[PDB]
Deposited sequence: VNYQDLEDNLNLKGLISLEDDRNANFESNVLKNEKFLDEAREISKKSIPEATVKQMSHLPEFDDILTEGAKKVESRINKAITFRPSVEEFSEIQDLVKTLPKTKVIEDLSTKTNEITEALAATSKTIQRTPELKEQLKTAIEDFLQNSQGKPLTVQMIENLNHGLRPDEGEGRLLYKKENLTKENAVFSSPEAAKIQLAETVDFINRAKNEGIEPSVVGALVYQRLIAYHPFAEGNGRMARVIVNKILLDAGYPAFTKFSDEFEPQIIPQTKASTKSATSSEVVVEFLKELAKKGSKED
């Protein structure tokens, strides 16, 4: 698909270039990453005996038999999140961004903190019903906004945010998941969380339309699902920092019945939404914020 001759002010072409490069290096960075492969082998061996392991240790194919499922899963996820719109989608996105609500006020941290907190509470009845939970989530959000302002996002910031967004769990809880819709493996998720941080930062440096970046970050953070818990909470806060830094109102969630579509589903049928379709829907949902 050639985009050169399409008119573009979102720097959607830069975005597409970013994705092209990441996608082109996906095999090397993920599928052929030895930490990914060894974890995959270790995880696979858990199910198997208990007898059959040492047995098949001598089988030439074994090191691969152990990793074929995990590889397929990551390739599937990558296919779903990689941004490559049709000409019709490219243009639809162009028009849709023009219609987005955007404030002119230079909102302060307290204002941003409250907007993100309220947006989070809207996506959860438990938060709405538990004042003490809402308040401690608000604090984690404030800390995150405070520490990340005018600074490059880091994985460490996201780790601290995830931890802060889980006050409803005892301490000593797992930060990253150790095991597992179909989400990335633990290591694949860690690798690609770091890549997503890179994406967020580079997109800002290249002035790629924040609303589209937010949509893409939303989808892939949910697909990767790196943490033991609080992935939804964390993704929504990160996406909303991206949006609010650009002057957009906070995003809450997709409709009750499009949310399932944005990542690969184990279930055969189940409408699967493509990356472009997710961006289009995200932008539409966002444009309804004013109403």
* Which deposited-sequence positions, grouped into ranges, are missing C-alpha coordinates? -> 181 to 185, 297 to 299
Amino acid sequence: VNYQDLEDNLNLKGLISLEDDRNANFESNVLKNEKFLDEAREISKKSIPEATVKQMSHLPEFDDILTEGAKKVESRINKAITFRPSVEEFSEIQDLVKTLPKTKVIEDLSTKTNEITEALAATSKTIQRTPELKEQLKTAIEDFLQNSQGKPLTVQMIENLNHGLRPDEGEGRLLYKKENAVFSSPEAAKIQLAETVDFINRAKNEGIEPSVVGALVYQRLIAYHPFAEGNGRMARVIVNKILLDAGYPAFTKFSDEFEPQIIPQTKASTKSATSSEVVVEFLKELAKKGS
From here on, numbers count along this sequence of modelled residues.
* Which has the higher mean CA temperature factor in the PDB entry, 149 to 157 or 85 to 93? -> 85 to 93
* Select between 17 to 25 and 263 to 271 the stretch whose C-alpha atoms have the higher average B-factor in the entry. => 263 to 271
* Tell me which of 235, 40, 250, 56 tops the list for C-alpha B factor in the record. => 56
* To do: Identify, among 99, 196, 113, 78, the residue whose C-alpha carries the highest B-factor in the deposited PDB entry.
  => 99
* Asked: Relative to the other modelled residues in the chain, which third contains the C-alpha temperature factor of residue 74: lowest, middle or highest?
  -> middle
* To do: Taking the values exactly as deposited, rank residue 168 by C-alpha B-factor within its chain and report the matching third: lowest, middle or highest.
  => lowest
* To do: Would you mind checking where the Cα B-factor of residue 179 ranks among the modelled residues of its chain, as the lowest, middle or highest third?
  => highest
* What third of the chain, by the recorded C-alpha B-factor, contains residue 131? -> highest
* Can you tell me which third, lowest, middle or highest, the CA B-factor of residue 162 falls into for its chain? -> lowest
